[PDB]
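Virtual Cβ from ideal backbone geometry, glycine too; neighbours counted across all protein chains shown. FYI, it's all coordinate maths here, none of it is from the lab.
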């Protein structure tokens, strides 16, 4: 079982191109990296859990319904009576994609009282990302959960850096990213993030494995000093693939992992992860999923 | 001659299809918030209109200010909040049970006394507010102070615009603030359902100068002291009645501003015509323009 903990939210995706100021039409989709990964993990045929918080509102109900349809365990999703479901307005189109994320929302309001401990304890891998850490009490709550399960579950961290979420608190940002990276067995980061954080004296590496995304150029898997370069919603598909691969591959065969993750990422091209039997025709997937 | 509106200014994300908000896939972005809608109506009727509100320092805040500006609504009294995002509400207008999901920790609910352009409020001959703004502090206390400050110097108009969902857990505070607001108002607008609800809790729903009671599609009623003027609706074929209430408010306020006295018949016929004509226009800003209204004698009384 893989648990994901963090943001679960409505993506209001701009139908047309343009600055958010000018966008007239939005399409509602479930979103939030950990949710996307959790769905991806489930579509790859692994039992997946999501720990998050939604509002007691139609949007919270929607997100829970959408996750349930994907066979993601939703028992760890709590309803906030005081905060509304996370929303972000997304412009994915253009040279400069943008977002307007509403921060005073349910997923940023997680306390330790909100944590389903059965789920965290059942998890072989716990996945979290930096977005959830942007605000307290969820930052504190998540960090305490990760610290706790450290050594009992593999910890996966997607740097998923959104500087906008850290304005006026960039000192704290670096501290929490560093602490989170240090806690992580598996780190996913873009090379932009790697550069940015290392230029800040933060080494971007998992204790077990590091996945560096390279955009068009594909990605890189690093395990100690073994480096596998694999030329090429997809990022979260890729993460789901990595975590599923890590869980499935007895001795962490990096070549197989790489090939599997690339395939899932390729076929994905926010819930874009291919289903298990979309991958049965591929030797690369059977290598991971069936053996 | 200025009419100032104060309160919520937000993005309406309007369901483009029928269904529960849970299930609605597509939302059209429009400017909303009753006082903004009234402010636009006032401007459309040819009267200087200012809106005091607060948006986020974000694209949605910029959008709202720009849309207001396009309508010639003075936007100088709109403050940008560096800590809260622009108001948003997801709205299902269609079906038997229209619904909304209003996000409350947003900029328009974060007004403090420092955010108030006192020059604008002191200039206003009429100041318009509604109950939605009162649902949260600091804006509630701030707005109540603005209204108390100008009581006696400008006419105060209050759209009861009651949204019970905005007051859960604070129903006693709501009744208190609604009563205090009504008691401060010269002009009160309320639906017959609001009148019943509030008056049955010992809150008289009456402005000191004038009360406009809306009866939905059936029309409305204007009350001054003991005088009741019933204004049945015109037998319109409506395109969209979403903006009719705010169009009606705008007409009432412009009418009161323009007429010699509180002539209920002239005011009723004008507000009726504006509302009727608003039904032919889509969306929350449906008030017809002065130039269109001038083609009718009921409007020429007030506007010309």
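So residue B:29 ticks every box in (1) surrounded by fewer than 22 Cβ atoms within 10 Å (Cβ to Cβ); (2) part of a strand (DSSP E or B) but one. Which box is left unticked?
Here residue B:29 meets the rest and fails (1).
For segment A:255-271, enumerate the residues that are surrounded by fewer than 19 Cβ atoms within 10 Å (Cβ to Cβ) and under 19 Å from residue A:42 (Cβ atoms).
The one that is surrounded by fewer than 19 Cβ atoms within 10 Å (Cβ to Cβ) and under 19 Å from residue A:42 (Cβ atoms): A:267.
For segment B:103-125, enumerate the residues that are within 14 Å of chain A (Cβ to nearest Cβ) and surrounded by fewer than 20 Cβ atoms within 10 Å (Cβ to Cβ).
The answer is B:104, B:105.
Any residue in segment B:30-46 that is over 20 Å from residue B:249 (Cα atoms) and either in contact with a strand residue (DSSP E or B) (Cβ under 7 Å, 6 or more places away or on another chain) or within 10 Å of another protein chain (Cβ to nearest Cβ) (or both)?
No; the residues of segment B:30-46 include none that is over 20 Å from residue B:249 (Cα atoms) and either in contact with a strand residue (DSSP E or B) (Cβ under 7 Å, 6 or more places away or on another chain) or within 10 Å of another protein chain (Cβ to nearest Cβ) (or both).
Residues are listed down the side, and each one gets a yes or a no for (1) buried (at least 19 other Cβ atoms within 10 Å of the Cβ); (2) assigned to a loop (DSSP other than H, G, I, E, B):
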position: B:156; (1), (2): yes, no
position: B:161; (1), (2): yes, yes
position: B:169; (1), (2): no, yes
position: B:173; (1), (2): no, no
position: B:179; (1), (2): no, no
position: B:183; (1), (2): no, no
position: B:195; (1), (2): yes, no
position: B:201; (1), (2): no, yes
position: B:206; (1), (2): yes, yes
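Could you check segment B:127-141 and list, in sequence order, the residues that are away from every other protein chain (no Cβ under 14 Å) and either in a loop (DSSP other than H, G, I, E, B) or surrounded by fewer than 23 Cβ atoms within 10 Å (Cβ to Cβ) (or both)?
Within segment B:127-141, B:131, B:137, B:138, B:140, B:141 meet the criteria.
With respect to residue B:83, determine if the residue is exposed (fewer than 15 other Cβ atoms within 10 Å of the Cβ), more than 18 Å from the chain's Cα centre (by Cα) and either in a helix (DSSP H, G or I) or away from every other protein chain (no Cβ under 14 Å) (or both).
Against the criterion (exposed (fewer than 15 other Cβ atoms within 10 Å of the Cβ), more than 18 Å from the chain's Cα centre (by Cα) and either in a helix (DSSP H, G or I) or away from every other protein chain (no Cβ under 14 Å) (or both)), residue B:83 does not qualify.
Please find, within segment B:47-59, the residue that is nearest to residue B:78 (Cα to Cα) out of those that are within 14 Å of chain A (Cβ to nearest Cβ) and surrounded by fewer than 24 Cβ atoms within 10 Å (Cβ to Cβ).
So, considering only residues that are within 14 Å of chain A (Cβ to nearest Cβ) and surrounded by fewer than 24 Cβ atoms within 10 Å (Cβ to Cβ), the one nearest to residue B:78 (Cα to Cα) is B:57.
Every residue in segment B:193-212 that is out of contact with any helix residue (DSSP H, G or I) (no Cβ under 6 Å at 6 or more places or on another chain) and closer than 24 Å to residue B:126 by Cα, please.
Within segment B:193-212, B:194, B:195, B:204, B:206, B:207, B:208, B:209, B:210, B:211 qualify.
For segment B:86-102: of the residues being surrounded by fewer than 15 Cβ atoms within 10 Å (Cβ to Cβ) and over 19 Å from the mean Cα position of the chain (by Cα), which is farthest from the other protein chains (Cβ to nearest Cβ)?
B:96
Could you go through segment A:65-76 and let me know if any residue there is surrounded by fewer than 24 Cβ atoms within 10 Å (Cβ to Cβ), within 14 Å of chain B (Cβ to nearest Cβ) and within 25 Å of residue B:61 (Cα to Cα).
Within segment A:65-76, not a single residue is surrounded by fewer than 24 Cβ atoms within 10 Å (Cβ to Cβ), within 14 Å of chain B (Cβ to nearest Cβ) and within 25 Å of residue B:61 (Cα to Cα).
Please specify each residue of segment B:11-23 satisfying the condition of being in contact with a helix residue (DSSP H, G or I) (Cβ under 6 Å, 6 or more places away or on another chain) and surrounded by 24 or more Cβ atoms within 10 Å (Cβ to Cβ).
B:11
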